[PDB]
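>>> Let's see this in three dimensions:
(one chain, ligands or ions: 2)
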Amino acid sequence: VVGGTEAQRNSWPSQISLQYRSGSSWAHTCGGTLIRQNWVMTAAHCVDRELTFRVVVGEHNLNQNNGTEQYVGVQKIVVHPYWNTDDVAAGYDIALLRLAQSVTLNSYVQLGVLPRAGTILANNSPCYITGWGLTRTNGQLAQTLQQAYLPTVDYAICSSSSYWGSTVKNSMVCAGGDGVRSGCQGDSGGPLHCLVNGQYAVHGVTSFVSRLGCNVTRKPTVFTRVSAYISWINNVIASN
Ligand SMILES: *[C@](=O)([C]([N]C(=O)[C]1[C][C][C]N1C(=O)[C]([N]C(=O)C1=[C][C]=C(C(=O)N2[C][C]O[C][C]2)[C]=[C]1)[C]([C])[C])[C]([C])[C])C(F)(F)C(F)(F)F
Ligand SMILES: [Ca+2]
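Numbering: from 1, shown residues only. Ligands and ions are numbered 1, 2, ... in the order given. For reference, the structure is listed below:
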């Protein structure tokens, strides 16, 4: 997250850290959202290669014991059928991970609330992106969870030529693009929390940024629109 600030410990209890076995240790590779005691929602591009993964809930500082963490292995990975590894702009960047065990919900570990199917946010809606990604374009990962206010840019504006053009589909959500705040490498798969009628709901799964850099004017961070995949999510969970 570029242009943000450290979040209050455990203030985004649905945020998870997706890590892979790097021989001797574990390395953070993507964010994610806990949606069931044993299911995590993330980006397909985070898990479309054969690696050994684990999920950390109740996390804040990646390098120190905070005393609120729970570590659990990933048992099954379900990538969206239409996803193509080499074509992020086509969309369908979403995947569900079935955990080896159910985590214990408490003050530090909670389920993210999903929007009703088909829900579309008004332009400039108040949202926040959270993650341990780079804090600067070509910078380094954040040790502690960061957050940044990232208001939505509606589809009509986002798909305009001065913005993303045809690269963005209606199955995506754009947010930010002021050249100051944005998602960045390592934030992928994480949540875009939007405040709707007093409650925060996870409207997006962090997907991609421009080749020009993370924080670029008129190049908002692009998210998979969660409300476009509600039926799929429900079907996968029920069949597995
Ligand atoms: C993660 O945290 C990050 N996500 C990414 O890095 C995503 C996944 C694959 C590539 N990507 C990008 O953001 C990159 N964007 C592109 O590759 C890209 C190329 C071209 C176009 C475009 O304008 N098009 C026009 C017509 O032809 C092609 C499409 C759009 C996008 C970017 C880095 C250059 C963060 C969310 C940034 C991660 F991927 F998991 C990571 F941790 F590995 F980084
Ligand atoms: Ca920790």
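>>> Do me a favour and get the end-to-end distance for stretch 145-158?
Taking C-alpha to C-alpha, to the nearest Å, stretch 145-158 runs 28 Å from one end to the other.
>>> List the buried residues of that stretch.
Going by neighbour count (16 or more other C-beta atoms under 10 Å), the buried part of stretch 145-158 is 145-148, 150-153, 155, 157-158. For every residue, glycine as well, the C-beta is placed using N, CA and C.
>>> With secondary structure and distance to ligand 2 added, can I get the residues you listed in CSV?
Converted to CSV, those look like this (DSSP: H, G, I helix; E, B strand; the rest coil; distance: C-beta to the ion, whole Å):
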residue, secondary structure, distance to ligand 2
145, coil, 10
146, strand, 15
147, strand, 17
148, strand, 21
150, coil, 25
151, coil, 30
152, strand, 31
153, strand, 34
155, helix, 38
157, helix, 39
158, helix, 35
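>>> Which elements pack onto the longest strand along the chain?
When the chain is parsed with DSSP state E, its longest strand is strand 25-36. If contacts are counted by 3 or more C-beta pairs under 8 Å, 6 or more residues apart in numbering; DSSP states H and E, strand 25-36 sits against strand 15-22, strand 39-42, strand 53-57, strand 191-196, strand 199-208.
>>> Give me the sheet partners of that strand and which way each runs.
Applying DSSP bridges, strand 25-36 is found paired with strand 15-22 (antiparallel), strand 39-42 (antiparallel).
>>> hey, which of those strands is tucked in deepest?
Mean neighbours per residue, mean count of other C-beta atoms under 10 Å, is largest over the strands paired with strand 25-36 for strand 39-42, with a mean of 26.
>>> ok, back up a step: which one, of the helices and strands packed on strand 25-36, ends up nearest to residue 88?
strand 199-208 (5.0 Å; C-beta to C-beta).
>>> buried residues in the closest one?
For strand 199-208, a neighbour-count test (16+ other C-beta under 10 Å) marks 200-208 as buried.
>>> What about ligand 1: which of those touch it?
Within the set of those, contact with ligand 1 (C-beta under 6 Å from any ligand atom) is found for 206, 208.
>>> closest to residue 130 among the buried residues of stretch 145-158?
Distances from residue 130 to these, taken by C-beta to C-beta, are shortest for residue 147, at 4.8 Å.
>>> Just give the nearest non-adjacent residue to that closest one, would you?
Leaving aside its chain neighbours, residue 147 sits nearest to residue 7 (4.3 Å; criterion: C-beta to C-beta, 6 or more residues apart in numbering).
>>> what about that neighbour, how many neighbours?
Residue 7: 19 surrounding residues under other C-beta atoms under 10 Å.
>>> This structure: helices as residue ranges?
With helices called from DSSP state H, the chain shows them at 155-158, 230-239.
>>> Show me what from this structure comes close to ligand 2.
61, 66 (C-beta under 5 Å from the ion).
>>> and residue 223, what is it in contact with?
Residues counted as contacts of residue 223 (C-beta atoms under 8 Å, 6 or more residues apart in numbering) are 172-175, 192, 203-207.
>>> Show me the beta-bridge partners of it.
Under DSSP bridges, the beta-bridge partners of residue 223 are residue 173, residue 206.
>>> Name the nearest residue to the most centrally placed residue in the chain, ignoring sequence neighbours.
In the chain, the residue lying closest to the centroid (C-alpha atoms, centre = their mean) is residue 190, at 1.6 Å. Closest residue in space to residue 190, ignoring its immediate chain neighbours: residue 31 at 2.6 Å, by C-beta to C-beta, 6+ apart.
>>> residue contacts, the one you found?
Residue 31 neighbours (C-beta under 8 Å, 6+ apart): 15-18, 42, 130-133, 186-191, 206.
>>> again, 10 Å this time
In this structure, residue 31 makes contact with 1, 12, 15-18, 40, 42-43, 46, 129-133, 145, 183, 186-191, 205-206, judged by C-beta atoms under 10 Å, 6 or more residues apart in numbering.
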